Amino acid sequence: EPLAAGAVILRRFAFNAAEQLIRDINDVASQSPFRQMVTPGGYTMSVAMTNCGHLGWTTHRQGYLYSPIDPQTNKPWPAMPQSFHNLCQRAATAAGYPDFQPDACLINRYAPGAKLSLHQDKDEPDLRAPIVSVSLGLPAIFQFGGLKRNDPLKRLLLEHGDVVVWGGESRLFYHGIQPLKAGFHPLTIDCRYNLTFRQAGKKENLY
């Protein structure tokens, strides 16, 4: 029996691909800079973000959505790097999702003390498609609950190279990241990067 129904934890799965993945995060950031987006309550997120791929998650007039254009540059988000595409496919396939074809990758950067409040990934057209998570750099405590608010939370440390394929029931769980502890990592220096691959466009975009 699993810790999270439908989730597939692949520890250190991206450990070897880590250095290249980071070079690509930096490349993506040179075009679409990391920016701290504004929350519903008007607060600035402590986590900094950016996207790559055809679609990118962002804020838009009191709402949140996937856009083919970066509002900060008025240009498309950078294309999905080969390292990203490859790693995701290998993880998705190993987890039993060979047809998963993400068109969006939200890149999160956590500086010491950065955290992500509880939320569900429900902005995607088809929730049967999983979300592949890739952690890099400083370790973080990932928390997840259930399908509804105020449900009992479970914690899980996510470390450098860890990949989790959130499929099945786990795909809809409320989740977040507790305040990042300060520290040092050879490849990221003083932060943690997290990539979350999503199939954000409707199936028609595949034809």
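Superpose the two forms; the largest set of C-alphas matching within 1.5 Å is the rigid core. Just count from 1 along the sequence shown to find any residue number.
J.: Rigid core superposition, C-alpha RMS per stretch in 4 other deposited structures of this protein: which comes out larger, 175 to 183 or 59 to 67?
T.: After the core superposition, the stretch with higher RMS deviation in 4 other deposited structures of this protein is 59 to 67.
J.: Is the larger C-alpha RMS shift in 4 other deposited structures of this protein, relative to this form with the rigid core superposed, found in 49 to 57 or in 32 to 40?
T.: This comes out as 32 to 40, the stretch further from the shown form in 4 other deposited structures of this protein.
J.: Per the record, averaged over C-alpha atoms, which has the higher B-factor: 167 to 175 or 151 to 159?
T.: It is 151 to 159 that shows the higher mean C-alpha B-factor.
J.: Read off the CA B-factors in the entry, average them over 133 to 141 and over 111 to 119, and name the higher stretch.
T.: Between 133 to 141 and 111 to 119, it is 111 to 119.
J.: Could you tell me which one of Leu55, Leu65, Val47, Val28 shows the highest CA temperature factor in the PDB record?
T.: In the PDB entry, the greatest C-alpha B-factor among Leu55, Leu65, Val47, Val28 is found at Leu65.
J.: Quick one: classify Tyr193 as lowest, middle or highest third of the chain based on its Cα B-factor.
T.: It falls in the bottom third of the chain.
J.: Mind checking which third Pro98 falls in for C-alpha B-factor across the chain?
T.: For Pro98, the deposited C-alpha B-factor lands in the highest third.
J.: Please place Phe184 in the lowest, middle or highest third of its chain according to the CA B-factor in the PDB entry.
T.: As the PDB entry reports it, the C-alpha B-factor of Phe184 lands in the highest third of its chain.
J.: Going by the recorded CA B-factors, say which third of the chain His85 sits in, lowest, middle or highest.
T.: CA B-factor rank for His85: lowest third.
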